[PDB]
Amino acid sequence: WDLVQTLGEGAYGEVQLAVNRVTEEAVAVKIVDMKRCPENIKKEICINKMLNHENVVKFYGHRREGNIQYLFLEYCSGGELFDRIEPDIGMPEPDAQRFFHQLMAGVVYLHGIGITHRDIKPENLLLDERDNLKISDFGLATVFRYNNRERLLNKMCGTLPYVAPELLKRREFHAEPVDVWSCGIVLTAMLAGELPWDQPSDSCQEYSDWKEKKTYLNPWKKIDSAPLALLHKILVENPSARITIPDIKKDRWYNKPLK
Ligand SMILES: Cc1cc2n[nH]c(=O)n2c2cc(-c3ccncc3)ccc12
């Protein structure tokens with residue numbers, strides 16, 4: 001394999017595009033220099049070897065080589081879902097809905113084999129050539145159920161505007177509804193083209209305005225009542241009152257045929 005261009009850097013390293021010379025196959029390569037991490041990078045591989053789904057970025061292999069680690073990962077040639085949300089516009093409601101469905105199938109599968117991605121946001125929803133959505137990056141993901149026994153979480157991980165309010169208050173919390181919340185901030189982004197708030201916290205006027213049901217404001221006013229009816233159920237402060245993926249699957253707007 002040989003490295004063509006540089007797809008998305010940041011911290012852990014870079015995903016670079018790599019095309020093989022002879023075979024006519026291109027598939028991305030995360031590059032991690034452990035000088036910082038060795039016990040973390042083996043957790044992402046652990047968790048990647050578990051995964052196999054049409055809505056999750058496939059894993060292929062890895063080669064440790066000195067301080068360097070290479071994670072060979074399915075190439076998603078449609079880029080990020082971040083780059084298809086237009087500022088203060090968002091996207092066509094029928095495209096929003098199609099992506100939510102494929103997003104609920106990826107997380108329904110994760111949750112079923114006891115993984116939680118923990119940092120779901122548009123940057124981490126890649127897309128293939130036929131524009132099917134894939135869940136990407138499991139280096140913050142973790143095992144919230146093993147041998148049919150659930151472990152509540154307590155560590156603060158994620159990105160502040162997608163994170164669930166209980167992750168800043170409660171000292172321990174279930175992993176599933178934190179993924180359900182993130183997926184609802186992603187639904188507001190796809191239909192509103194802005195993120196509602198910095199963080200779901202209490203000295204934050206925007207979140208306090210949502211809890212007061214001031215939907216006559218941004219971003220909620222750019223969203224139609226059907227899919228705003230559903231967001232009302234996902235972005236609930238109390239995790240045990242919050243909706244679940246089987247009850248999203250029966251939502252009016254989730255099963256509404258959109259043009
Ligand atoms: C950050 C990241 C991880 C990744 N894993 N697998 C992939 O395809 N990517 C990425 C692919 C792109 C991309 C960029 C331009 N055109 C198509 C795809 C960008 C970032 C990533």
Side-chain angles (χ1 to χ4, degrees), residues 81-82 84-97 99-101 103-104 107 111 116-125 140 152-210 213-256 258:
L81 176 76
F82 181 67
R84 320 272 195 89
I85 297 148
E86 182 77 64
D88 288 280
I89 279 180
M91 82 175 55
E93 201 173 279
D95 289 271
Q97 201 208 48
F99 281 140
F100 196 63
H101 288 214
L103 172 55
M104 293 301 85
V107 180
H111 292 176
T116 175
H117 184 282
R118 285 200 296 181
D119 189 33
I120 284 183
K121 63 192 197 209
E123 298 89 324
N124 281 343
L125 305 163
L140 304 198
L152 308 176
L153 312 158
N154 48 79
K155 191 194 191 283
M156 274 152 163
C157 259
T159 326
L160 274 178
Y162 298 84
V163 139
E166 72 255 10
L167 192 136
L168 301 166
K169 301 158 221 199
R170 296 191 188 194
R171 188 232 134 197
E172 269 196 326
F173 42 83
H174 297 268
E176 274 157 320
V178 164
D179 280 347
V180 161
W181 183 285
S182 90
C183 295
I185 299 297
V186 173
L187 186 47
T188 312
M190 290 196 307
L191 302 178
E194 45 167 328
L195 280 188
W197 48 67
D198 256 358
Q199 54 181 263
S201 85
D202 301 76
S203 50
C204 166
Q205 193 67 261
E206 292 83 50
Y207 179 59
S208 295
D209 283 329
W210 162 250
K213 277 149 161 153
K214 303 179 184 182
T215 42
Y216 66 83
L217 285 170
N218 288 321
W220 314 115
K221 56 193 184 168
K222 303 197 276 184
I223 306 164
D224 196 25
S225 69
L228 181 59
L230 177 56
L231 285 157
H232 262 96
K233 304 181 273 194
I234 300 170
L235 312 183
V236 179
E237 187 160 74
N238 177 38
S240 22
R242 192 174 307 158
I243 195 161
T244 63
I245 291 172
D247 284 346
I248 281 153
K249 279 164 151 159
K250 278 154 61 181
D251 171 54
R252 219 203 79 234
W253 174 77
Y254 188 93
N255 298 288
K256 184 151 174 259
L258 294 176

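What's counted below: heavy atoms across the whole structure, side chains too, no hydrogens, waters or symmetry copies. If you read the sequence from its start, that first residue is 1, and numbering goes on from there.
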Distance, nearest 0.5 Å, that separates [atom1] of [X] from [atom2] of [Y]:
X: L231; Y: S225; atom1: CG; atom2: OG; answer: 11.5 Å
X: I223; Y: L230; atom1: CD1; atom2: CG; answer: 10.5 Å
X: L160; Y: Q199; atom1: CG; atom2: CD; answer: 5.5 Å

Checklist line | Working for side-chain contact (heavy atoms from CB on, under 4.5 Å), residues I243 and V236 | finding: CA-CA 8 Å; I243 195 161; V236 179; over 6 Å; no

Note to self: Taking atom NE2 as the centre, does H111 end up with more than 12 heavy-atom neighbours from other residues, nucleotides or ligands that are less than 6.0 angstrom away?
What the structure shows: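 Atom NE2 in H111 is crowded, with more than 12 foreign heavy atoms closer than 6.0 Å.
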
Checklist line | Flag for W197-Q205: side-chain donor and acceptor within less than 3.5 Å | finding: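 No, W197 and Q205 have no side-chain donor paired with an acceptor closer than 3.5 Å.
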
Notebook entry, point to check: Can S208 and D202 be counted as having a side-chain donor-acceptor contact under 3.5 angstrom?
Noted result: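 No, no side-chain donor-acceptor pair sits under 3.5 Å.
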
Next item on the list: Return the set of residues passing side-chain contact (heavy atoms from CB on, under 4.5 Å) with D88 (not counting sequence neighbours), or none when no residue passes.
Entry: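 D88: side-chain contact (heavy atoms from CB on, under 4.5 Å) contacts with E194, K222.
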
Next item on the list: Show the numbers, then the answer: is there a side-chain contact (heavy atoms from CB on, under 4.5 Å) between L195 and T188?
Entry: CA-CA 7 Å; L195 280 188; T188 312; over 6 Å; no

Kindly indicate whether the side chain of [X], heavy atoms from C-beta on, has any atom under 4.5 Å from the side chain of [Y].
X: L152; Y: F173; value: no
X: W253; Y: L228; value: no
X: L140; Y: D119; value: yes
X: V178; Y: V163; value: no
X: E123; Y: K121; value: yes
X: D95; Y: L258; value: no
X: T244; Y: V180; value: no
X: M156; Y: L167; value: yes

Next item on the list: Could you check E166 against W181 for side-chain hydrogen bond (donor to acceptor under 3.5 Å, both in side chains), going step by step and ending with a plain yes or no?
Entry: CA-CA 10 Å; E166 72 255 10; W181 183 285; over 6 Å; no

Margin query: Between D251 and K249, does any side-chain N to carboxylate O distance fall below 4.0 Å?
Written below: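 Salt bridge between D251 and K249, a charged N being under 4.0 Å from a carboxylate O: no.
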
Note to self: For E237, run the salt bridge (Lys or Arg N to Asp or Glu O under 4.0 Å) check against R170, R242, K169 and tell me which one passes.
What the structure shows: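 By the salt bridge (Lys or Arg N to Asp or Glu O under 4.0 Å) criterion, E237 pairs with just one of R170, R242, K169: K169.
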
Next item on the list: Start with the C-alpha distance between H117 and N124, add both sets of side-chain angles, then the distance that settles side-chain contact (heavy atoms from CB on, under 4.5 Å), and finish with yes or no.
Entry: CA-CA 10 Å; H117 184 282; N124 281 343; 3.4 Å; yes

Next item on the list: Walk me through it: do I85 and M91 pass the test side-chain contact (heavy atoms from CB on, under 4.5 Å)?
Entry: CA-CA 6 Å; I85 297 148; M91 82 175 55; 3.8 Å; yes

Margin query: Are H232 and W220, when compared by the centres of their aromatic rings, separated by less than 6.0 Å?
Written below: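 Ring centroids of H232 and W220 are no less than 6.0 Å from each other.
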
Checklist line | Non-hydrogen atoms of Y207 and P165 that approach each other most closely | finding: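 Minimum heavy-atom contact is OH-CG, 3.5 Å.
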
